Amino acid sequence: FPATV
Amino acid sequence: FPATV
Amino acid sequence: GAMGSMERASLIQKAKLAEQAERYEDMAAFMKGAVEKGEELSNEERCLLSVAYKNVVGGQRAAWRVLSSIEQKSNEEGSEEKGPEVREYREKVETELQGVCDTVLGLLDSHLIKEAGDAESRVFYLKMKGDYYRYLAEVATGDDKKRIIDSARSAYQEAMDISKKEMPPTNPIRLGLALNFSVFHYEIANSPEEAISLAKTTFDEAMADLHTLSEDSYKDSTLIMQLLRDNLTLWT
Amino acid sequence: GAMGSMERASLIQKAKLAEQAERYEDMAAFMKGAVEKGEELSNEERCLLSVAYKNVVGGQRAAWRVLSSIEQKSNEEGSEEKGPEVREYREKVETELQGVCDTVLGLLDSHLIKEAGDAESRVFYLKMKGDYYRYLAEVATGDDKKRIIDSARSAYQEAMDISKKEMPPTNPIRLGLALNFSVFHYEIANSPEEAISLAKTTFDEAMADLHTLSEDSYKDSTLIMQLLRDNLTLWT
Ligand SMILES: *SCCN[C@H](O)[C@H](c1ccccc1)N(C)[C@H](O)OC(C)(C)C
Ligand SMILES: *SCCN[C@H](O)[C@H](c1ccccc1)N(C)[C@H](O)OC(C)(C)C
Ligand SMILES: [Mg+2]
Ligand SMILES: [Mg+2]
Ligand SMILES: [Mg+2]
Ligand SMILES: [Mg+2]
Ligand SMILES: [Mg+2]
Ligand SMILES: [Mg+2]
């Protein structure tokens, strides 16, 4: 999965 | 801590 | 509310203790109680709220993905009928996830966003609103799915508009908002080109502003810039 | 019971799904429902029960240790008074932990142990009874603390007596029972010499029996033997 914050 | 199972 | 009898300061204190103990459900319940005291949140308190629910819903999303994957394999050709159990349990986790998202969105709507006037608080809460509609969109399949997606998009867009007008391009909240809105484009809105364009422009505009920053601010901004780069590398 | 309307087989199926999703609270609630159907448990089902509650209470113990450590520092010389919050929250986690232990002990008493006639099931359940009294003992400070410790010791001792008579010295349940009873001696009963003696004798007697085993049994037994050795190295 792509990075989120 | 020591190992337990 | 079960936290109605506890002091606001005690709820914040215990949220921090729960974080140290990695008890994120407790942390979220304490911060929910703190929000419901009706006073605005400080920068640090906004962080405690977002950290708590991010960990709670993050665990639910991870579990939902495991179960949805098992469910998909069960519906493939040649798979043995195992009964309704996989769907039932995926639905149970899904309903609990939706419940948490509805709770967070409820706190933002009653009444965090309407009282948030400074850019750093308003952008923060609108990013959260976009994020939790995005999590609802990840599991959505019904009549309102397009409206859930548009609710995420609308919140992200308002946050972007404010952040571009009121925050420097290296601001960590602005950067994290752009990171997540880019992921929304890629994974939710089927717009990988917009996702890549946003991540690249955000990265490049932050790069050009790093020279204005202290050592400590530089470290904060470059940390999130590296996440933008990680996504770009994933996508190109 | 909230699981009273679900089929036993569906509860077992969902326990396995919960394990895959790392949803151990769900896993434990499903296995509690399965036990309360009143039928005996198979070897695999006993494993599902123990895995679920081991993970649930393991997380609670880790959190309790974090909070108890913070509480102890708050009570040292020169520490600022922070109010009752740390004690309150440690007590909250402690009460929830005690609740889980009481639940497990309740399942063993009503009526898993009394229906368990084979060595492999009876030793398994008595080890569990010793373990969950041991977790109660870790947080005990009151009038009944010595009785909690003796309840753990008594359950462990009955399990040891049966395991020595009815199981080979390489049996993994016998080995794991001895591992944990040794830790009980070291950490609960203030008997490090008994802890070391038990771990060494258990290891040596298993070593001498490995030659009787298949490749797959050998791997199972040596895995737990290495834990005995790890503890001995920690303690000597
Ligand atoms: S809780 C806000 C503090 N964290 C940062 O602002 C940023 C962020 C951005 C947007 C939304 C939530 C959090 N963090 C992701 C980064 O990691 O924080 C530092 C300052 C770079 C450590
Ligand atoms: S759930 C029982 C299966 N696991 C093993 O018997 C053993 C054990 C012993 C006593 C109580 C619980 C579990 N495991 C610790 C070990 O690890 O299992 C193998 C067979 C060595 C993998
Ligand atoms: Mg007050
Ligand atoms: Mg649903
Ligand atoms: Mg643009
Ligand atoms: Mg039936
Ligand atoms: Mg107590
Ligand atoms: Mg002896």
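Residue numbering: from 1, along the chain as shown.
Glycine too: its Cβ is placed from the backbone N, Cα and C atoms.
Here is what the PDB entry records for this protein:
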SEQADV    C:1-5  expression tag
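Listed in Swiss-Prot:
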MOD_RES   C:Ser10  phosphoserine
MOD_RES   C:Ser79  phosphoserine
SITE      C:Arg61  site 'Interaction with phosphoserine on interacting protein'
SITE      C:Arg134  site 'Interaction with phosphoserine on interacting protein'
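Helix, strand and coil counts under DSSP for the expression tag (C:1-5) come to 0 helix, 0 strand, 5 coil. C:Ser10 (phosphoserine) sits 30 Å from C:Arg61 (site 'Interaction with phosphoserine on interacting protein'), taking the Cα positions as reference. The separation of C:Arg61 (site 'Interaction with phosphoserine on interacting protein') from C:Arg134 (site 'Interaction with phosphoserine on interacting protein'), Cα to Cα, is 11 Å. Cβ neighbour count for C:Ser10 (phosphoserine) (all protein chains, 10 Å cutoff from its Cβ): 18. Other Cβ atoms within 10 Å of the Cβ of C:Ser79 (phosphoserine) number 10 in total over all chains. The two recorded residues, C:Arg61 (site 'Interaction with phosphoserine on interacting protein') and C:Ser79 (phosphoserine), have Cα atoms 25 Å apart. Applying an under-8 Å Cβ distance to chain D, the recorded positions C:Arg61, C:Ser79, C:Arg134 reduce to an empty list. Cβ neighbour density within 10 Å is lowest for C:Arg61 among the recorded sites C:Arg61, C:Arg134.
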